[PDB]
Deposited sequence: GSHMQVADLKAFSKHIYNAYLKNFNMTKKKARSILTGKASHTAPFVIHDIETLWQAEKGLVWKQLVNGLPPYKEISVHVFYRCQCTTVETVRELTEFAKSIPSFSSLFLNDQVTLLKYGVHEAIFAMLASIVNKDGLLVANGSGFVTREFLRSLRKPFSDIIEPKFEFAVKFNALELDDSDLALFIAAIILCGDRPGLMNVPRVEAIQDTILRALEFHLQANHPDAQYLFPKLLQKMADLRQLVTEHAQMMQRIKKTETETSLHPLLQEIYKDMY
């Protein structure tokens, strides 16, 4: 038959975890070691105002468009970060069993409508209630500083903190997140898919693997699997809202540029 047993699902999970470790430089384990002070290096440089942002741009190890103003500059660094994670997600996807065998067009479609949900999920790993890590972990920008940016740029990031804090309360590790992100990517609900049943099948397999994985890895947790399915739904709404805010910037901040790679992702949604 075609219905995988527990042993098959466990092996499937291990392969996805390996593809994860292979393709992501900033894992939650690494991020947490930095954020909890376990790292052997000194605490990250803190960006909490204009003076420190300027200093970080001069002393922190990171081709942006010409400087215009603080809020727009930060907007550009958001884009750059996003582009890098998109490249990692693409390589991660290619390494997930049964992704590379989908129609090329379906692979493209899945990444296009999937990357942002995945980005916001993984973002939680490098975030706490007070800020997030930048410059590959060597910097830390405060939530308060991002709130100080002028509208509409301040309105973009705050929603992600709200989501991340609650998401982090679930206490997932990298092994869990590997399956979660795979499930987000291999999503049979995306528009323009040629072979929906194939994608549906793969997603369901990933989800079953995830349930069994959570059982062993978090034996004492309650309703963790259902909670994560809800998180997936929450991410869809987060992205819709984020895309709306990006469109507003596109129409009102005509002096602000958008990376071509991100332009295509958002191309056919407005």
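For this session: Quickly check which stretches of the deposited sequence aren't in the model, judged by C-alpha, and list them in order.
Result: Missing from the model is only the stretch 63-67.
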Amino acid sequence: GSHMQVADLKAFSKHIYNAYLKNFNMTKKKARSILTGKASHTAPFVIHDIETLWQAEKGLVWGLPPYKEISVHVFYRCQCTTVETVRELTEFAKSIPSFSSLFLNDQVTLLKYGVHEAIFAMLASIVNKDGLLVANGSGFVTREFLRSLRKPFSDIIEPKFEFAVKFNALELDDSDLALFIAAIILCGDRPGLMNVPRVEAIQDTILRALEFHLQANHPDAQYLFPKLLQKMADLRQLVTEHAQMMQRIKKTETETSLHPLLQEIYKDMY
From here on, numbers count along this sequence of modelled residues.
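Here, rigid core means the biggest group of C-alpha atoms that superpose within 1.5 Å across both forms.
Exercise. So which moves more in 7 other deposited structures of this protein by CA, 83-91 or 97-105, given a superposition on the core?
Worked result: Comparing 83-91 with 97-105, the larger C-alpha deviation in 7 other deposited structures of this protein belongs to 97-105.
For this session: Figure out for me whether 218-226 or 233-241 is the more displaced stretch in 7 other deposited structures of this protein, taking RMS C-alpha distance from the shown form once the rigid core is superposed.
Result: Looking at 233-241 versus 218-226 in 7 other deposited structures of this protein, the farther one turns out to be 218-226.
Exercise. Among the other compared PDB entries, is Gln203 dropped in a third or more?
Worked result: No, none of the compared structures omit it.
Problem set entry | Unmodelled in at least a third of other entries of this protein, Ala39 | Yes, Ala39 lacks coordinates in at least a third of the other compared entries that model both of its neighbours.
Problem set entry | Mean temperature factor over C-alpha atoms, higher-scoring stretch between 172-180 and 91-99 | For C-alpha atoms only, the mean B-factor is higher in 91-99.
Exercise. Averaging C-alpha B-factors over each stretch, which comes out higher, 8-16 or 248-256?
Worked result: Between 8-16 and 248-256, it is 248-256.
Exercise. Highest CA temperature factor in the entry: which of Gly137, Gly131, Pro152, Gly114?
Worked result: It is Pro152.
Exercise. Based on the PDB record, which member of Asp234, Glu211, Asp220, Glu241 exhibits the highest Cα temperature factor?
Worked result: Out of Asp234, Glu211, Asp220, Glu241, the record gives the largest C-alpha B-factor to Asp220.
Exercise. Split the chain's modelled residues into thirds by Cα B-factor; is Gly63 in the lowest, middle or highest one?
Worked result: CA B-factor rank for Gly63: highest third.
For this session: Check where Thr142 lands among this chain's C-alpha B-factors and tell me if it's the lowest, middle or highest third.
Result: Ranked within chain, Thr142 CA B lands in the lowest tercile.
Problem set entry | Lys28 CA temperature factor, ranked by third within the chain | It belongs to the middle third of the chain when residues are ordered by C-alpha B-factor.
For this session: Using the B-factor values recorded in the entry, state whether the Cα atom of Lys227 falls in the lowest, middle or highest third among the modelled residues of its chain.
Result: Ranked within chain, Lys227 CA B lands in the lowest tercile.
Problem set entry | B-factor third for the C-alpha atom of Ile206 within its chain | Its C-alpha B-factor belongs to the lowest third of this chain's values.
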